[PDB]
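Heads up, the chain below is alone and in the form deposited in one PDB entry; it's given as C-alpha cells.
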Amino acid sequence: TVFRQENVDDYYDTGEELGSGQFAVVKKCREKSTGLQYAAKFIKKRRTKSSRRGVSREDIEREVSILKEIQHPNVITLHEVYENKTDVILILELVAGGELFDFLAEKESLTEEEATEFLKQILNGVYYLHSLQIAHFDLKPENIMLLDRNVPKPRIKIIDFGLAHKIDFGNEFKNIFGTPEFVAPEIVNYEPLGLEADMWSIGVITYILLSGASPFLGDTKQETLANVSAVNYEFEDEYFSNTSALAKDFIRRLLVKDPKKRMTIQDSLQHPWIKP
C-alpha cells in the first residue's frame, strides 16, 4: 500500500517533540487547512532488505492497517499517512496530557479508586481491541496517554500500535517481543501468542498502579525475563498491607503462566473488583 508522497511540511507545521524511540520520533503538529492539532509520528524506513535498522515495510503497513480500523474513546486514532524515501509519517490524534508513566512518577502510588478509574478505561479499550481480534502486545504505562492530567479523573488513550497484530487463528507465531517487565511468559518462551498476553500485561500494570513497584523487575533484562517465566512475584506487605484482598485477587488471576487459565478481557470486566 502506498501513502501520500507530498511533503508533509506543505500541509502541516511541526512544533515540540512529544516522544522519541529507537525507530520513531513524535512531534506536535498543526494542519494548515483546519488549524487542528495532531501528533506526527515519523517512523524510519529500512534502507535495505537485509538491514536491521529501520522498520520493515510489512511492519509499517500492519500498524497502519490496524490503526485505520479503530475508533474508540480509549484508543488513539489515525488521521492521515504520508511517506517519503526515509520515513512513513503517521498523523495521529494528539493526546496532550502526557504518559501514565510520568503521572505515576508524580504521585508515587494510587488509591484503589484512582487505580480502578484508570484501569476501567484501559479494560474498555482492550475490550474493544480484543473484540476486533487485535492483540496490542506492548501494553505498559508509557503507552497509556492522558487527555488532560490536571483533572481529578483523567481520561486515557492507548497508543503505540507498533507491535499490534490481528489474531484471526487464535494465536500468531512471529517475531514479537516487547519490554521485559511487561511481557507474558509465552513471549519470553517464544511460544504462540494470542490475546491472553495483553491480559498478563494488564496484571503487571495493575500491580504497579497500586504499589509503585514493578513485580518481576530484576537488575538486568535477562533476570527480569527469567522472573517472568517463573512467575516470580509476590505482594510485598510494605506496599500492599492496606490494599484490598479483592484487588490482589484480580492481579493473581491475570499473572497466571498458562494463558488458557488466565482471565480474559470479558472475565476482567465481570470480576467483583471491577464490576459495578
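Residue positions are given as counts along the sequence shown, with the first one as 1. Only the largest set of C-alpha atoms that superpose within 1.5 Å between the two forms is called the rigid core.
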Item to complete: Output yes if residue 108 is unmodelled in at least a third of the other compared entries of this protein, no if it is modelled in all of them.
Response: yes
Worksheet item: Looking only at CA atoms, which has the higher mean B factor in the entry: 66-74 or 52-60?
Response: 52-60
Response to the item:
Entry B factor averaged over C-alpha atoms, 28-36 against 223-231: higher for 28-36
Worksheet item: Checking the entry, which one of 206, 175, 143, 84 has the top C-alpha B factor?
Response: 175
Worksheet, complete the sentence: From the entry's CA B-factor values, the highest among 80, 108, 181, 138 is 108
Item to complete: Could you say whether, by C-alpha temperature factor, residue 155 belongs to the lowest, middle or highest third of its chain?
Response: highest
Worksheet item: Taking the entry's C-alpha B-factors for this chain, is residue 14 in the lowest, middle or highest third?
Response: highest
Discussion item. By the recorded C-alpha temperature factor, relative to the other modelled residues in its chain, which third is residue 194 in?
Written reply: middle
Worksheet item: With respect to C-alpha B-factor, does residue 98 fall in the lowest, middle or highest third of the chain as deposited?
Response: highest
Worksheet item: Lowest, middle or highest third: where is residue 134 by C-alpha B factor in its chain?
Response: lowest
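FYI, the form deposited in another entry isn't displayed, but the following is about it.
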Item to complete: Tell me, with the core superposed, which single residue in 104, 81, 188, 146 has its C-alpha moved by at least 2 Å between the shown form and the other one.
Response: 104
Worksheet item: Honestly, after the rigid core fit, is residue 166 moving at least 2 Å at Cα between the shown form and the other one?
Response: no
Worksheet item: Taking the rigid core as the frame, does residue 175 move its C-alpha by 2 Å or more between the shown form and the other one?
Response: yes
Item to complete: Relative to what we see here, could you say if residue 107 and residue 140 have their Cα atoms closer or farther apart in the other form, with a change of 3 Å or more?
Response: farther
Worksheet entry | in the other form, shift in Cα separation for residue 256 relative to residue 174, 3 Å or more | closer
